[PDB]
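Presented below is the structure to which this report refers.
Neighbour counts run over all protein chains shown; Cβ positions are idealised from the backbone, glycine included. Values in this text are rule-based calculations from the coordinates and carry no lab data.
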Protein chains: 2
Amino acid sequence: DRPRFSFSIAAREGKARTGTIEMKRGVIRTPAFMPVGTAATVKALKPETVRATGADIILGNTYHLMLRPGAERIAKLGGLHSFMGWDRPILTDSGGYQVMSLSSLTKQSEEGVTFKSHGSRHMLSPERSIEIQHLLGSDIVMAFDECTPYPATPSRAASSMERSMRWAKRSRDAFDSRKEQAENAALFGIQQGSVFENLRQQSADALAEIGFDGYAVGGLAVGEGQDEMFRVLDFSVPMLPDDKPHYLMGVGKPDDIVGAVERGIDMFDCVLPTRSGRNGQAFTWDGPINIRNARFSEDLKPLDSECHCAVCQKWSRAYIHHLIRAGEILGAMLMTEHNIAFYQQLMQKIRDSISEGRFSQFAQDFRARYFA
Amino acid sequence: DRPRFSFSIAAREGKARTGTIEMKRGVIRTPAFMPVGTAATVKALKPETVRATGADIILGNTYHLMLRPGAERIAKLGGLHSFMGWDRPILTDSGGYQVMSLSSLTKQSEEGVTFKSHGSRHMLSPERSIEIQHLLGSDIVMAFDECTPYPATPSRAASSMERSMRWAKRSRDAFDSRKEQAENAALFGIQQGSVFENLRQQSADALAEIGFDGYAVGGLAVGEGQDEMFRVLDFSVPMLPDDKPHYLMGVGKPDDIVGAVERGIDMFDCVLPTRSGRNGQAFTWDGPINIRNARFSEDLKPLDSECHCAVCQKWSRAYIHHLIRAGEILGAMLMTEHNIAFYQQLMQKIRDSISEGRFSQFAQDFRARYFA
Ligand SMILES: CC1(C)O[C@H]2[C@@H](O1)[C@@]1(COC(C)(C)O1)O[C@@H]2CNc1nc2cc3nc(N)[nH]c(=O)c3cc2[nH]1
Ligand SMILES: CC1(C)O[C@H]2[C@@H](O1)[C@@]1(COC(C)(C)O1)O[C@@H]2CNc1nc2cc3nc(N)[nH]c(=O)c3cc2[nH]1
Ligand SMILES: [Cl-]
Ligand SMILES: [Cl-]
Ligand SMILES: [Zn+2]
Ligand SMILES: [Zn+2]
């Protein structure tokens, strides 16, 4: 039987790594892309379809599930895995992004954050966030943090990061004090510090002193743009323990993922393939296309000329164009399945190229064609 | 290889019949339920899922496809079957329902009907309707008629029926004058006459004199209610040729279908399982339920306790309740798959019970439990 948590690096090229995380509910191949399932569903896909595209793990969200259908309710129903019909690992974000994005609904203190609906109130704290993730039965539990807004002054970034590090210790202690959770799930810490190298170093040092199963780079994908994100990754990822997974939260476009892997990231999640798929954007090896465009109305080619997904084996651009134009649910289903399959094929090509020592060439070839 | 069209009755009980229609693209087991796919999609289902529920044939619509994506466009793309990925028989309605339901958008004459969008204009006539159905590649072509509004005076019902019979002859001649269509598709006539026995008889006589591969009972499911619909079926179905299929257009609820089979109907179509499924209504052998109701929020049972569909094998009422409440696409997908599977299981039970000479008992047992 598999351990609670083991991360093993099978091959490396520069800062890039490929390997596996073994957990009780399955193996995660890294670098990994996690489809987002915030409402206890990866939108428009059955779990079996999510798995068929190649996903090893999906992302849920403490904040959204706390509100609907409720954490205690999901626990009474047997946990999130049973509830939604996904039996493989699930990583749950802690709510720390919503601490920032919904801050106008919040009262924040050193104890935690209370959200007021625009009228019910719901509280999150390190202890309550970890508890909710336990009630959900999450396999990878994220520490409760604050995603620092961008831009941030050095003073405010420092104050925010310092609070997040205090909350990281409280998250660690809450997780460890629940024996069933500590024995069966993993806990990841989240590095903060905005774009400032000294603050990123202080945050990494604090997280490593506490000790976690994996380390997320938080506080990015907040409007900073790719050049700046890459600059921060350049110095921030080497600060994290080498022998544990590195998770870049909320990233991203295909070229973001490639460059982040070149900088040592092992795990990703993003709403882009699902959300923009429903909005008519399809990813291809020649760049994204908007299937709504009139130029596709009689195009019999599949969405992408090489993609192995079931959508590209059967249906034309012309048909999917019609469905999306018409607002048909099947349009959302087909676009989403293709985009998630595309993302998984990207991750597979990344893993294979690192394994074979040709990832740098893959990255250059990928960019040359994607941006042609 | 299968013929263009053969209908064979394998067993009978009273007025009820069970058998098969053989066509080039497949066999249709009767009594048959046709899922509705008006926009070149059975809403929220891949064609493979439609087939997995047991459907042998689906319904398309000349009027809707004429407008979007266009009949000539579908022909240029290889036909409706290729376009949507359903390779089995498709029956297309002719537009005659929209002649009535959208009459405020129309100018009608003996030549046909012109529809004006609320600003483009689109014309339908016996000749153009048959041509569109050819361009779509429809397997069962419906004559172009007018669904008489309900209620109708005897005079207006007679005038409407008489025009429909003239249009039925024009439909027959247009179909026969297109060799590829005449050799590979079938043509059904549509009986009109509102609720009036003498007009229904005149219409049946006119259609039988022209000669069709099958005969629809038109002009029902227009607000008349079940008692009146059954009264009209009582005298109308025996007027149609016994050795050809009898198709009741737009019907209906499960108990409508059972009673219509008891009166000699072989084919049905209805938006109820798809549309009301998206709106949260699930069919069960104990009657319909509204999954949105708070009583289902923690109900771990499947939608129906006996249903063999994939939805009832995996997911709980509680999960589907959450999805529909949340407006999630997967909620529409799961409700729709279950409801279509339920309808197909109903048809299978009807076919088996007629084959075994116990359909009258099935109908009584079905009603006693469904309405308990
Ligand atoms: C609202 C929605 C769906 O969230 C997405 C997406 O839009 C959007 C809008 O701007 C883009 C960049 C395009 O991505 O930003 C979100 C993705 N960025 C992101 N997610 C994160 C999650 C995080 N969780 C925690 N606990 N802590 C963090 O520091 C953290 C940082 C993160 N950064
Ligand atoms: C607008 C929408 C989706 O069409 C459905 C459904 O709502 C709704 C609204 O009242 C109920 C009864 C509940 O069923 O009425 C429609 C189903 N009745 C029906 N469909 C027909 C199609 C027909 N086609 C032709 N060519 N000729 C006919 O005489 C004809 C008669 C029909 N009767
Ligand atoms: Cl999404
Ligand atoms: Cl529908
Ligand atoms: Zn594809
Ligand atoms: Zn079912």
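If you average the alpha carbon positions of region B:1-74 and of region A:285-311, how far apart do those two centres end up, in angstrom?
Region B:1-74 and region A:285-311 have Cα centres spaced 29 Å from each other.
Taking every residue in B:77-85, how many Cβ atoms of other protein chains lie within 10 Å of its Cβ, on average?
Partner Cβ neighbours, averaged per residue: 4.
Taking a cut-off of 23 Å between Cα atoms, list the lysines near A:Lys107, but don't count ones fewer than 8 places away on the same chain.
A:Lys116, A:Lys169
What number, rounded to the nearest 500 deg cm²/dmol, is the helix-based mean residue ellipticity at 222 nm of chain A, given -39500 (n - 2.57) per DSSP H run of at least four residues and division by all its residues?
Result for chain A, helices only: -12500 deg cm²/dmol.
Given a Förster radius of 45 Å and the C-beta distance between B:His122 and A:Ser155 as r, what FRET efficiency does 1/(1 + (r/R0)^6) yield to the nearest 0.05?
0.10
Which of the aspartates and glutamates could a cross-linker bridge to B:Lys301, judged by Cα under 18 Å and excluding same-chain residues fewer than eight apart?
The reachable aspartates and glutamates, counting only those whose Cα sits under 18 Å from B:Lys301, are B:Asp286, B:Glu337.
Long-range amide H contacts for A:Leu303: which residues qualify at under 5 Å (H placed 1.01 Å from N, peptide plane, sequence gap of 5 or more or a different chain)?
Result for A:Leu303 returns A:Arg317.
Given a Förster distance of 41 Å, report the FRET efficiency between B:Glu197 and A:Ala326 from their Cβ-Cβ distance, rounded to the nearest 0.05.
So the FRET efficiency works out to roughly 0.45.
Going down the table (A:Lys46/A:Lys76; A:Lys15/B:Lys314; B:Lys43/B:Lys76; A:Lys76/B:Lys43), which pairs top 31 Å between alpha carbons?
Distance filter (> 31 Å) returns A:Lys15/B:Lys314; A:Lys76/B:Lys43.
Any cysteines in chain B with zero other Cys Cβ atoms under 4.7 Å from their Cβ? List them, or say none.
B:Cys147, B:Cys270, B:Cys309
Please work out which residue of chain A brings its Cβ closest to the axis of the rotation superposing A onto B, and round that distance to whole Å.
Here the nearest residue and distance are A:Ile329, 3.
If you take every DSSP beta bridge whose two residues both sit in the protein assembly as shown, what share of them, in percent to the nearest 5, is antiparallel?
Roughly 50 percent of the DSSP beta bridges within the protein assembly as shown come out antiparallel.
Which of the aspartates and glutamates could a cross-linker bridge to A:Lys253, judged by Cα under 12 Å and excluding same-chain residues fewer than eight apart?
Partners found: A:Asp269.
What does DSSP give for chain B in terms of the percent of beta bridges that are antiparallel, rounded to the nearest 5?
Values: 21 of 43 bridges.
Taking every DSSP beta bridge with both residues in chain B, the antiparallel ones total about 50 percent.
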